[PDB]
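Below is one structure, written out as structure tokens, with a few remarks after it.
The first residue of the sequence shown is numbered 1, and numbering continues consecutively from there. Because only heavy atoms are used, hydrogens play no part in the values below, and waters and symmetry mates are left out as well, while side chains stay in.
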Amino acid sequence: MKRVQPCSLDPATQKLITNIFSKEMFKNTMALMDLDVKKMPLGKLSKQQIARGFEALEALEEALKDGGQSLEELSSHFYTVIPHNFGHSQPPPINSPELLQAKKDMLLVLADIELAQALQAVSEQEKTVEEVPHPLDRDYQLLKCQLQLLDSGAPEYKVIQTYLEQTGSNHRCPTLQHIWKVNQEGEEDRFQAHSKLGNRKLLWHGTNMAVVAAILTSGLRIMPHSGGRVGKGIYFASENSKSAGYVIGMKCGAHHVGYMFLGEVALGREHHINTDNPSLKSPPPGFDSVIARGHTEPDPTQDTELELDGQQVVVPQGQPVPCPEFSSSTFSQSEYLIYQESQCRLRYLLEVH
Ligand SMILES: O=C(CCc1nc2ccccc2c(=O)[nH]1)N[C@H](CO)Cc1ccccc1
């Protein structure tokens with residue numbers, strides 16, 4: 001019989017680690033994406049199954065752009081591969097660009113749930129050693145990501161807080177519970193690459209709870225099939241309220257809990273757009289980033305800076321104001337895009353209620 005060593009983690013970190021590997025959270029997330037968890041249990045999810053789902057969607061995408069299979073028939077093949085639940089009614093046909101991307105976005109979420117399952121697989125060393133870490137220490141270590149909980153007088157705390165409060169929703173701003181500094185090493189070497197690239201900004205990336213572990217483990221990624229209004233890159237916001245839109249928020253006791261990242265993004269020379277372009281896969285030549293400019297922007301006169309690994313990083317601190325030059329933009333709020341994973345380094349994780 002093996003000894004379980006005592007947990008080394010502070011309370012807030014233990015809760016985080018509990019939340020982001022929770023089987024309940026994962027099944028909840030699946031149910032909310034209309035998946036049939038009884039026909040697709042967590043332990044049954046495979047890379048192969050997900051791979052076959054993307055093949056099914058690629059066949060649908062081809063048909064949507066000659067005597068081939070109908071949309072109904074190719075949809076029915078997708079649903080055999082990826083079981084959906086719609087109260088045992090038939091599931092609906094995937095017959096629009098918008099519906100196709102939605103199913104691609106579901107599968108990207110499902111792939112990160114599977115990643116978290118695979119990550120947890122018990123290694124052979126773990127079966128032979130006579131003492132095991134506390135389960136939360138084990139799950140934390142699996143991330144290969146250092147998290148340090150910040151207190152009230154850490155030098156960046158008030159800056160982060162102010163960013164959150166000034167750019168979050170005016171009426172029900174998310175309430176800050178905790179901030180962790182995130183050091184995922186081996187984001188470090190690729191990010192050093194862009195050392196001479198100026199114009200760094202600390203930016204929001206909101207996501208659902210089911211992909212936080214994957215992100216902590218592998219960073220923000222551009223996956224085949226990633227997409228959206230500014231194409232195939234990694235999306236950020238200067239306004240917390242835009243990013244908060246993507247935080248599902250899991251019910252725990254009397255409140256909702258959710259998680260948001262702050263990434264240091266090396267934007268370099270910016271290309272500004274004012275109309276949607278879902279077909280972008282890089283900035284134009286000689287640009288390092290694409291900013292889909294909002295009707296509003298956090299008041300640039302209130303921008304401050306932080307020093308992170310020797311470099312100045314802009315942090316907005318102002319309430320959003322109007323930008324007359326982009327008053328007719330298709331975007332109400334800015335979307336900041338990079339098209340290389342190495343241009344972002346995760347820096348903070350926030351818990352918000
Ligand atoms: O959860 C996200 C990040 C979404 C996100 N999009 C933004 C777009 C513009 C500006 C900011 C954000 C942002 O903070 N998060 N991506 C998922 C894969 O990790 C796939 C997905 C995409 C859309 C809705 C739900 C899930």
Side-chain angles (χ1 to χ4, degrees), residues 1-14 16-33 37 40-47 50 108-150 177-188 205-221 247-253 255-263 345-353:
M1 188 172 289
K2 303 188 170 191
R3 174 169 303 171
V4 181
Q5 305 174 328
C7 194
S8 79
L9 304 165
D10 76 76
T13 309
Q14 282 188 34
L16 171 68
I17 294 301
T18 306
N19 286 344
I20 67 168
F21 284 103
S22 163
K23 292 197 184 295
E24 209 65 78
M25 183 275 298
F26 289 129
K27 299 187 301 184
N28 289 353
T29 300
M30 289 174 61
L32 285 166
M33 291 186 309
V37 184
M40 242 198 323
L42 282 181
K44 196 171 177 174
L45 277 182
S46 64
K47 288 173 169 45
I50 284 149
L108 284 171
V109 178
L110 197 58
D112 275 5
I113 293 179
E114 194 282 322
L115 184 156
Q117 300 316 293
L119 190 63
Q120 279 186 296
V122 175
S123 68
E124 284 301 292
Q125 185 94 231
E126 290 170 308
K127 294 173 117 84
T128 73
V129 179
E130 307 225 305
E131 308 183 35
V132 304
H134 190 276
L136 302 175
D137 274 314
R138 182 196 182 245
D139 290 346
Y140 172 70
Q141 288 172 28
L142 293 166
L143 301 173
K144 285 164 163 171
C145 186
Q146 190 177 316
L147 294 172
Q148 265 294 345
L149 178 69
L150 301 200
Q177 302 304 130
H178 305 296
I179 310 178
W180 295 263
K181 186 164 177 74
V182 177
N183 177 23
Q184 184 174 0
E185 295 219 16
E187 273 200 318
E188 173 157 32
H205 187 90
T207 65
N208 63 67
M209 196 170 298
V211 321
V212 167
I215 292 168
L216 288 175
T217 313
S218 311
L220 298 173
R221 285 147 296 143
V247 179
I248 288 187
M250 292 278 147
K251 282 164 180 64
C252 295
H255 54 70
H256 276 73
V257 183
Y259 297 102
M260 306 195 65
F261 291 87
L262 289 163
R345 170 90 208 244
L346 297 167
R347 291 302 190 179
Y348 306 96
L349 181 60
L350 290 57
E351 181 172 309
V352 296
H353 291 181

So how far is it from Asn19 CG to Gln14 CD, rounded to the nearest 0.5 Å? 11.5 Å
Looking at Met25, is its backbone amide N or carbonyl O close enough to the side chain of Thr29 to form a donor-acceptor pair, meaning the two atoms are under 3.5 Å apart? yes
I'd like to know if the side chain of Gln184 and the backbone of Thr217 have a donor-acceptor N/O pair within less than 3.5 Å. yes
Please work out whether the ring planes of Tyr259 and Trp180 are parallel, tilted or perpendicular, with thresholds of 30° and 60°. tilted
Tell me every residue that passes side chain to side chain contact (heavy atoms under 4.5 Å, CB included) with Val352, counting only those two or more places apart in sequence or in another chain. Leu164, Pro174, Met260, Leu350
Using atom types as modelled and distance alone, determine if a side-chain donor or acceptor of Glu126 lies under 3.5 Å from a backbone N or O of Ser123. yes
Straight-line distance of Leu136 CG to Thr18 OG1, nearest 0.5 Å: 4.5 Å
Whether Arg347 side chain and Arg345 backbone form a donor-acceptor pair below 3.5 Å: no
Look up atom CG in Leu42 and atom CE in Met30, then write down how far apart they are to the nearest 0.5 Å. 6.0 Å
Can any side-chain N or O of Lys2 pair as donor or acceptor with the backbone N or O of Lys127 at less than 3.5 Å? yes
Nearest non-hydrogen partners of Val247 and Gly206, listed with the distance: CG2-CA, 4.0 Å
Tell me whether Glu351 contacts the main-chain N or O of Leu16 through its side chain, where contact means a donor paired with an acceptor under 3.5 Å. no
Minimum heavy-atom distance between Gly249 and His256, given as atom pair plus value: O-CD2, 3.2 Å
Within this structure, what is the CG-CG distance for the pair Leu147 and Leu9, rounded to the nearest 0.5 Å? 9.0 Å
For the pair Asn208 (side chain) and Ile248 (backbone), establish whether a donor and an acceptor sit closer than 3.5 Å, ignoring hydrogens and angles. no
Check the surroundings of atom CD in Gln5: do more than 12 heavy atoms from other residues, nucleotides or ligands lie under 6.0 Å from it? yes
Would a distance-only check, ignoring hydrogens and angles, find a side-chain to backbone donor-acceptor pair under 3.5 Å from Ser218 to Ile215? no
Taking atom CG of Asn183 and atom CD of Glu185, what is their separation to the nearest 0.5 Å? 4.5 Å
